[PDB]
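A.B. asks: Sharing a structure with you now.
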2 protein chains.
Amino acid sequence: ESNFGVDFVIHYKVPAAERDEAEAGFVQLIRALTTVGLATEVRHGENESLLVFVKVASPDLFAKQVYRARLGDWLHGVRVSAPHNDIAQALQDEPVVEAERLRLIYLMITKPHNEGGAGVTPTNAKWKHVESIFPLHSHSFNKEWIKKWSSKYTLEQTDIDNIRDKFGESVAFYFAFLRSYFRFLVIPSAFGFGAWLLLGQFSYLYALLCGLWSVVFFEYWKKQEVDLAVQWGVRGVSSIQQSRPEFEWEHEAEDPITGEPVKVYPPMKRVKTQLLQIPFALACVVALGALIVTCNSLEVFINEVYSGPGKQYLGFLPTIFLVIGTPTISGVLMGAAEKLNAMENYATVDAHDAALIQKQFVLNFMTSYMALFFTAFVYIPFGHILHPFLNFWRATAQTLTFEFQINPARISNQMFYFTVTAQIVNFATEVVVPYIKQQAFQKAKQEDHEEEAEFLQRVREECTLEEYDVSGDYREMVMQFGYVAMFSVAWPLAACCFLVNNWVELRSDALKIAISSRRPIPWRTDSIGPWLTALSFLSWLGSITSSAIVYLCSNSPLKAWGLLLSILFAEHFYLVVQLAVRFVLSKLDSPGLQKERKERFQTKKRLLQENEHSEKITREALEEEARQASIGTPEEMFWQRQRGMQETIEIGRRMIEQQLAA
Amino acid sequence: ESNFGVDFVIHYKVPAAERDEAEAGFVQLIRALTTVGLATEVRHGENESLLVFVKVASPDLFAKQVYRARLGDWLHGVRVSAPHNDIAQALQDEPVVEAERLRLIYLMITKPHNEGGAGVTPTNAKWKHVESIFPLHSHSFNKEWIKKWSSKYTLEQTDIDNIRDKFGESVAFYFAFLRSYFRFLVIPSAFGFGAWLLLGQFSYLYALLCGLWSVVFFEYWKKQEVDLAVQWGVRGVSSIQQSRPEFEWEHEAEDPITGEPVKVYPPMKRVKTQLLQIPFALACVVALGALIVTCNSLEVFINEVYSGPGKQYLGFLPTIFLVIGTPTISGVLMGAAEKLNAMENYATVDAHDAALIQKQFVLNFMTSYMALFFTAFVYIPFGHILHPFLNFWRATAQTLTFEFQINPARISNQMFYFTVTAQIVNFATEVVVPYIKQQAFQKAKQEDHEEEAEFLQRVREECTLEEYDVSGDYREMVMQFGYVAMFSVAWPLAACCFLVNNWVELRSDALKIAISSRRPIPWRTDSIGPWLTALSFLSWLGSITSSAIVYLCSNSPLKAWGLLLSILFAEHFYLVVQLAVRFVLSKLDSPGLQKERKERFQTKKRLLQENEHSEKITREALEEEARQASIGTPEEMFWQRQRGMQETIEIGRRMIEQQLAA
Ligand SMILES: [Ca+2]
Ligand SMILES: [Ca+2]
Ligand SMILES: [Ca+2]
Ligand SMILES: [Ca+2]
C-alpha cells in the first residue's frame, strides 16, 4: 500500500532479435540517467523487460532544478515573483507539490542536452527500446480519494486542489470543468422538467432558455477558469511553448524572441497536408451519410411500411445495431485522424493537440449528430426525397420473401434512445469492460528476494495499462453539452437525465484514473484550450438548431418566412444575451486578478521604496540672467522683468488697480 | 514668430464685483505656483484679466518630475524598463518630447497636494476666477506643418510622429485614424465606381463587398492601433485611470489595488440617473421622428402630389431647410447630453468620456440616419400608412389657397443630397465660418514696454478661442463610416466622394487646430476608445441594412422570405469574413509586439545573468544508508540493493542473460 520512493519508472522492453543492440542502448541510457543525477535501479519484468526505477539522489540537486524551473517560469511571466536563491527558503516560502515534483523529474528525463537533461524520447531518437515512462500510483491515497468522492454529495474546492496536487493541472481542470458543468446543468434540468409537464411538446420558451443557459454557462466557466489559473499559479502557460520531440525539420532560422535560434519546417508542406485533410473529411461525410440514410431508411421501412413478416423488435433492432456499431467506426476514424495528425509536423505540442482536438471534434460531431440532423431537417420537412429508398427496400424485400405516414414524434423517441442508450453503453464500455478485462488478465496470469513481489507485481500490472488521455473525457462532455445545446427541445427531460449521469461520471472517470489506467504525466495547462472554441461553436449552432427544430417539428403548412424569422430572432437573442452576460461578468470583479495585480504592485512598490522653492526659482533665474550677462535678448529680458514672486504679487495687485481705473 | 519660453498660460479672469476676493485668490494661486517650482509672470489682458505665464525654473526639478512620472508609468506596466536615476542619463537615453513635457507641466499645475503639485482646478475648488489653462502655439512650426501637409499627396509616418511629438497622443491617434481610413476608403471608392457603371442600381455584390471591406478595415485598424500604441510607448494607458476633479463623493473606502485608499460615490444614485437618461433618449426619438415624418410628408406632398401653386424649387426647399436646421437641433441635443453627463459623477475621466461618446453617438445616429431609414424601410415597403398625412396636407392646403406614385429611386437622390449637402455645409461651418468670425473680431478690435505687444496680442487672441476637442472630428468620421457601411448601396459613388472629402479633411482639421483653435492639453491615450465599439456596431448594422435595402429597393411583389433570407445570408457572411480576417491578422505577426516581448526578455535575461554526478548519487545514497544504520527498512534496503551505477549495468546485463535463458 506504499511505494518505495520511486519517482518514475521506465519500462525498456528488450526484443529477443535485437538483443545486444538493446543491451548497448540500455547501458547508454543508464549512463544518461546517472548523468542527470537520478538514482536508478533495474528490476525484472515480464516479456524480456527491465523496469528501471529512478528517484532524486540529492535533494539539493532537486531543489536546484526546482529553482531553475521556477526561474524559467518567472522569465516568461508565469510566476509573479522571482525565486530568490537555493538557500532552502524558496521551498519554505512555496513548497513543491507532487505534481510539480514529478513534472520536473519528467523534464529532467525528457528534455535534450541543451536544456539540462538527457533525451531518452523513444520515437525520434535511437532509444527505440524504451517503451513508456510513467509515475506510480499511491493506493492508499487512491482508495481514500475514491471513498471520499463516493461518499460526498457535492465536491468542495479542496478536493479539486488535492487532485491538482497529486495529478497535475490538466486532470484538475477536467474535474473542475465537470463539477462546474454539473452544477450548471442542474438549472436546465429543472427548467426542462418544468417545460415537459407544464409546457407543450416543442416549446419555444425552452429553446430560448436553453440558449440563455448555454451562454451564461460558457462565460461563467471562462471567468472561473481564469480565476483557477490565477489561483494555481498556472496563468500564462499557454504563451510559453513546449517543443515537440517528433518534430522533423529542414534547416534552422534565427531567434524571434529569445537568444537561442530555433529550427524550422517549411510551412508549404504543412499547408499541403492540411489541404489533404479536407478530402478525408469529405469522404467521412459521404460515408457516414450513406450509412445513416441506409440505416434510417431501413428502420422506417421495417417499422412503418413493412409490418408483415418479422416482429416489432425485429423492426427495432437495426437502429440499436447502428448505435452499437458507432464505437468501432468512431474508433477507426479517430485512429485515422491520429495518424493524419502524426503525419504532419507541429513544432509545439500545443498546436499538435489543438489540431488533434479539431479533427476529433469534427468526426465526433458527425458520428454523434448526423442521425438527429437527418431526422429533424430531412425526415420531417420533406421526407418525399427519401421515398424512393422505401420503394427500393420494398423491391428487395419482395424478392427476398418469395403511405409513409411521417410523424413528428419520432424525433422524441430517437432523442430518448440516443440519451439512455448512449449513456448505458458508455458506462458499459468505460469502466465495466476494462475492469473485467483486467480481471480476465489477472485470471490468465494466475524471485526478487521476497520483499518486493507484491510491489513489482503491481508495477508489472501497471505497465500493461494504457496511458490516461483527458481529451477523451473532454470530448464526451462536450458532445453531451452539444446534445443539450441543440437537441434538448426534442426531449426536455434529457438534460435532467444527463444531470444524473454527470454525477456518476464525476466518480466514474475518478475510478478510471484510479484502477483502470496508469498515472498520466502531470502537465500544466492554462485552460481547457480548444474545447472553449468547440463549446462556443456548439452553443451558437445550438440556438439556430433549437429554434429551427421547434418551428419545423411544432407543426396551414410550414411557411418559409416563419422558419427564417424564428432562426433570425433566436440568433439575435443569442447575441444579445451574449453581450449582456459578458458585460455582467466584466463588471463582477473576480478576486484572483485583483489579488494578482495588487501583489505585483506591492512588489514593484517595494522596488520603489528601494529607490526654499522660490529660492530655487530665483537661483536658476539668477543663473539665467548671468548667462545673459555673459553674452535672444527679448525673452531673457522678459523673464528678468519679474524675477521675485512677491514682485509678481504686487505688480499683479497694481495691475488689478489699473484695470479698476480703466 | 517665436514664443518666449512659455510652457503654460493661465487666464485668471477677475470680475469687477468680486474684486478683492479674486485678488486674494490670485495671490494664493501664485503662492501655489511658486510652491510647485514654476517661474511665473503676470501680464495684462483684456476684460480685467491677468494672464500669468509659467515655465520650468530648474531643469533639475523638471527632470526630477520627469523621472517620477516615468517611474509611475513603469509601476503600472506602461513603460517596459525602469528609469534608473536622475544622473542626466535618463534624458540622454530617452529624450523628453514636447508633448510629454507639457503634459507633465499640466500635471504639476493640476494634480492635488497628495500627488506632488498644487490643485488649481477651477470647477471643484475655490479657484473659480481661473478661466482656462492652455499651451501656446508655435507659428513657425504651424506654418511649416500646414505647408508640408498641403504640398504632400499622401502622408508619411514621420508627419504623424511629428504631430505626436508636438500635440499629444490623442491628436496623433486621430490623424493616424484619418490617414488609415482614407487609404482604406480608396478601395470601396474604386469598387463603387466599378459597381455604379458596370453593375446595376442596387447590386447585391456591392453590399457584400462593402461588408467585407468594413470588416477588414476595422480589424486592420485595430492591429495598426496596437502597433502604434507599442511604438509611441503608450500601450497600457487605458488600464491606469486618472481621477476626475469634478467628482463629488460621500465617504471613502479601502484601497483595492494600491496602498492609498480612495473615495467612493454610492452607485445606486448613478444607476438612478443612468435610468433617467433613457426617457430623454425616448423623447429625442419621438421628437426627431415627428419632425422627420412632418418634413418628409410635406416634401412628398409638395413634390409629387401638390404640383399646382408654387414652383419646383419651392418644392425642393424644405428638405434643404431640414438639413440646415439639423446643426441647431443637434447642438441643443449635444448640450443636453453634456449637461446630463455632467449631472452624473464619473470617478475617472475615461468613464466620463466613454459615457459622453455613447450619448453623442446615439444622438448623432438618430439625427444622421433617421431620414434615410424612413426613406428605405417605411416609404418604400408600405407608404400607405403615411398616406393620411398626404390627405392632411391636402386639407390644409385647400383652406390655405382659398395617386402617391412611390418611386424606388428617391433614396438615391436623398443619399446624394445628404452626401454633397452635408459635406458642403460641413466644410462651411467647420473652417470658413470660424475664420471669418475671427476676422470680424479682428476688425472689431481694430503699454508692455513695446517688446511684447505683438506677442501679448496673439496671446490675448488665443485666449478667446475655444479649446479643441477631438471627439467632434471622431464623431464626424464615424458618421461618415456609418454612411459608407449601411447606405452606400443606394449611391455607390458616395464613398468615392467621401474619399475626396477625406483628403481635404485631412488638411481641414489640420487647419482647425492651427489657426481656429487653441492648443489642446496633450493627453495620452491607448486607443480611440469607445469609437471602436461604435465602429463595430456600425459595421454589423451596415451588413443587415445594406442587404435589406438592396432587396427592398431592388423591386411578383416583395416576399417576406426573400428579405429574411437575404438578411440572414448577409449577416452570416459578415460573421464568416469576421472570423477569417481575425484569423489572418492573428497570423500576420505585427513587429511591435514581437520587439516588445523580445526587449522584455532581454531585460529579464540580464537579470538572469545577474544571478562527479555518480559521485553525488553515491554520496547521498551513502548518507541514506548511514541514516538507516543510525536506526521503513524495506525501501531503504531496496535502494541499497544496487548503489553503484556500474553495478546496475552488470546486473542489467545478467538480467538480460536470465531472460535469454528462460
Ligand atoms: Ca459514462
Ligand atoms: Ca468520461
Ligand atoms: Ca469638413
Ligand atoms: Ca472634422
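We name chains A, B, ... following the order of the C-alpha cells; residues begin at 1 in each chain, and ligands are numbered from 1 as shown.
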Quick one: residues within 7 Å of stretch 492-494 of chain A, only C-alpha atoms, excluding same-chain residues fewer than 4 positions away - as a PyMOL selection string?
C.D. replies: chain A and resi 189+192-193+195-196+419+488+498
A.B. asks: May I have the selected residues written with N, CA and C atoms, as an mmCIF file, in the first residue's frame?
C.D. replies:
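Wrote it out as selection-v1.cif, contents follow:
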data_model
loop_
_atom_site.group_PDB
_atom_site.id
_atom_site.type_symbol
_atom_site.label_atom_id
_atom_site.label_comp_id
_atom_site.auth_asym_id
_atom_site.auth_seq_id
_atom_site.Cartn_x
_atom_site.Cartn_y
_atom_site.Cartn_z
ATOM 1 N N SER A 189 -31.933 21.246 -16.321
ATOM 2 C CA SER A 189 -32.611 20.035 -15.873
ATOM 3 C C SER A 189 -33.960 20.365 -15.255
ATOM 4 N N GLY A 192 -36.246 22.054 -17.768
ATOM 5 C CA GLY A 192 -36.744 21.124 -18.761
ATOM 6 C C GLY A 192 -37.801 20.203 -18.197
ATOM 7 N N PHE A 193 -37.658 19.828 -16.923
ATOM 8 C CA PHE A 193 -38.731 19.102 -16.253
ATOM 9 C C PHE A 193 -39.969 19.976 -16.109
ATOM 10 N N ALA A 195 -40.734 22.294 -18.170
ATOM 11 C CA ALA A 195 -41.218 22.612 -19.502
ATOM 12 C C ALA A 195 -41.675 21.377 -20.258
ATOM 13 N N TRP A 196 -41.548 20.197 -19.664
ATOM 14 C CA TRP A 196 -42.083 18.972 -20.235
ATOM 15 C C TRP A 196 -43.462 18.635 -19.704
ATOM 16 N N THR A 419 -30.070 9.274 -25.841
ATOM 17 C CA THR A 419 -29.699 9.619 -24.473
ATOM 18 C C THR A 419 -29.464 8.375 -23.624
ATOM 19 N N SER A 488 -32.079 19.437 -27.054
ATOM 20 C CA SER A 488 -32.824 19.184 -25.829
ATOM 21 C C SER A 488 -34.274 19.624 -25.952
ATOM 22 N N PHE A 498 -29.065 13.694 -18.121
ATOM 23 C CA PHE A 498 -27.643 14.000 -18.217
ATOM 24 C C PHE A 498 -27.094 14.423 -16.870
#
A.B. asks: Hey, which bits of chain B sit within 7 Å of ligand 3, and for each residue what's the closest pair of atoms and how far apart in Å (one decimal), counting only C-alpha atoms and all ligand atoms, rows by chain and increasing number, as a Markdown table?
C.D. replies:
| residue | atom | partner | partner_atom_place_in_ligand_line | distance |
| --- | --- | --- | --- | --- |
| B:423 | CA | ligand 3 | 1 (Ca) | 5.9 |
| B:426 | CA | ligand 3 | 1 (Ca) | 4.7 |
| B:427 | CA | ligand 3 | 1 (Ca) | 4.0 |
| B:430 | CA | ligand 3 | 1 (Ca) | 6.0 |
| B:505 | CA | ligand 3 | 1 (Ca) | 5.5 |
| B:508 | CA | ligand 3 | 1 (Ca) | 6.7 |
A.B. asks: Write to file, as a PDB file, in the first residue's frame, the residues of the selection just made, with N, CA, C and O atoms.
C.D. replies:
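Output saved as out22.pdb:
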ATOM      1  N   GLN B 423     -21.425  67.503 -46.822  1.00  0.00           N
ATOM      2  CA  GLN B 423     -20.003  67.831 -46.872  1.00  0.00           C
ATOM      3  C   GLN B 423     -19.783  69.308 -47.184  1.00  0.00           C
ATOM      4  O   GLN B 423     -18.851  69.926 -46.656  1.00  0.00           O
ATOM      5  N   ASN B 426     -20.681  71.162 -44.040  1.00  0.00           N
ATOM      6  CA  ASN B 426     -19.705  70.811 -43.019  1.00  0.00           C
ATOM      7  C   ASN B 426     -18.404  71.560 -43.237  1.00  0.00           C
ATOM      8  O   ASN B 426     -17.777  72.027 -42.280  1.00  0.00           O
ATOM      9  N   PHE B 427     -17.985  71.694 -44.498  1.00  0.00           N
ATOM     10  CA  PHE B 427     -16.794  72.479 -44.790  1.00  0.00           C
ATOM     11  C   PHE B 427     -17.047  73.961 -44.554  1.00  0.00           C
ATOM     12  O   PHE B 427     -16.130  74.710 -44.200  1.00  0.00           O
ATOM     13  N   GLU B 430     -17.231  74.358 -40.647  1.00  0.00           N
ATOM     14  CA  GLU B 430     -16.048  73.891 -39.932  1.00  0.00           C
ATOM     15  C   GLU B 430     -14.938  74.934 -39.937  1.00  0.00           C
ATOM     16  O   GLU B 430     -14.460  75.346 -38.876  1.00  0.00           O
ATOM     17  N   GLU B 505     -10.229  66.837 -45.734  1.00  0.00           N
ATOM     18  CA  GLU B 505     -10.485  66.827 -44.298  1.00  0.00           C
ATOM     19  C   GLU B 505      -9.200  66.564 -43.544  1.00  0.00           C
ATOM     20  O   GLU B 505      -8.978  67.131 -42.467  1.00  0.00           O
ATOM     21  N   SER B 508      -8.077  69.829 -43.426  1.00  0.00           N
ATOM     22  CA  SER B 508      -9.018  70.819 -42.899  1.00  0.00           C
ATOM     23  C   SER B 508      -8.979  70.877 -41.383  1.00  0.00           C
ATOM     24  O   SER B 508      -8.845  71.958 -40.799  1.00  0.00           O
TER      25      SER B 508
END
A.B. asks: Can you list, as a list in words, every protein, DNA or RNA residue that comes within 6 Å of stretch 98-110 of chain B when you count only C-alpha atoms, leaving out same-chain residues fewer than 4 positions away?
C.D. replies: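 What passes the distance filter is residues 117, 118, 119, 120, 165, 166, 167, 168 and 522 of chain B.
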A.B. asks: If we count only C-alpha atoms, what is near residue A:431 at a cut-off of 10 Å, once residues fewer than 6 positions away on the same chain are taken out, given as a ChimeraX atom specification?
C.D. replies: /A:508-509,511-512,515-516
A.B. asks: What's around residue A:174 at 8 Å? Count only C-alpha atoms, leave out sequence neighbours fewer than 5 positions away in its own chain, and write the answer as a ChimeraX atom specification.
C.D. replies: /A:470,474,528
A.B. asks: Compare A:310, A:569, A:177, A:560 by their minimum atom-to-atom distance to ligand 2, counting only C-alpha atoms and all ligand atoms, and give me the closest one.
C.D. replies: A:177
A.B. asks: Measuring atom to atom with only C-alpha atoms and all ligand atoms, identify which of A:422, A:496, A:323, A:567 is nearest to ligand 1.
C.D. replies: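 Under the stated criterion, the closest residue is A:422.
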A.B. asks: Just to confirm, what's the straight-line distance from atom CA of residue B:405 to atom CA of residue B:203 in Å (one decimal)?
C.D. replies: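 About the pair atom CA of residue B:405 and atom CA of residue B:203: they are 23.4 Å apart.
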A.B. asks: Looking at B:182, B:435, B:455, B:418, which one is nearest to chain A, with distances taken over only C-alpha atoms?
C.D. replies: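 Among the listed residues, B:455 lies closest to chain A.
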A.B. asks: If we count only C-alpha atoms, what is near stretch 475-482 of chain B at a cut-off of 8 Å, once residues fewer than 2 positions away on the same chain are taken out, given as a list in words?
C.D. replies: residues 178, 361, 364, 365, 368, 471, 472, 473, 484, 485, 486, 487, 498, 531, 534, 535, 538, 539 and 542 of chain B
A.B. asks: Applying 10 Å and only C-alpha atoms, which residues near residue A:311 remain after dropping the ones on its own chain fewer than 5 positions away? List them as a VMD selection string.
C.D. replies: chain A and resid 302 to 303 316
A.B. asks: Suppose we keep N, CA, C and O atoms; can you now write the selection as a PDB file, in the first residue's frame?
C.D. replies:
ATOM      1  N   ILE A 302     -38.981  -1.083 -42.248  1.00  0.00           N
ATOM      2  CA  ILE A 302     -39.425  -2.251 -41.494  1.00  0.00           C
ATOM      3  C   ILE A 302     -40.361  -1.852 -40.358  1.00  0.00           C
ATOM      4  O   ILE A 302     -41.147  -2.675 -39.874  1.00  0.00           O
ATOM      5  N   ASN A 303     -40.311  -0.596 -39.917  1.00  0.00           N
ATOM      6  CA  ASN A 303     -41.235  -0.175 -38.870  1.00  0.00           C
ATOM      7  C   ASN A 303     -42.592   0.225 -39.433  1.00  0.00           C
ATOM      8  O   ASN A 303     -43.609  -0.404 -39.122  1.00  0.00           O
ATOM      9  N   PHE A 316     -37.158  -2.975 -34.486  1.00  0.00           N
ATOM     10  CA  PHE A 316     -36.426  -2.042 -33.638  1.00  0.00           C
ATOM     11  C   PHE A 316     -34.934  -2.346 -33.572  1.00  0.00           C
ATOM     12  O   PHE A 316     -34.169  -1.498 -33.104  1.00  0.00           O
TER      13      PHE A 316
END
A.B. asks: Please determine, counting only C-alpha atoms, which residue among A:656, A:617, A:570, A:57 has the shortest atom-to-atom distance to residue B:21.
C.D. replies: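 Closest residue, counting only C-alpha atoms: A:656.
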A.B. asks: Quick one: pick out all strand (DSSP E) residues within stretch 52-217 of chain B from a backbone DSSP run and write them as a list in words.
C.D. replies: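 Selection result, strand (DSSP E) within stretch 52-217 of chain B: residues 52, 53, 54, 55, 56, 133 and 134 of chain B.
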A.B. asks: Nearest residue to residue B:452 out of A:637, A:621, A:355, A:563, using only C-alpha atoms?
C.D. replies: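 Checking each candidate against residue B:452, we get A:637 as the closest.
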A.B. asks: For the alpha helix (DSSP H) assignment from backbone DSSP, which residues of stretch 324-452 of chain A qualify? Please present them as an NGL selection string.
C.D. replies: :A and (324-343 or 349-374 or 387-400 or 410-427 or 433-445)
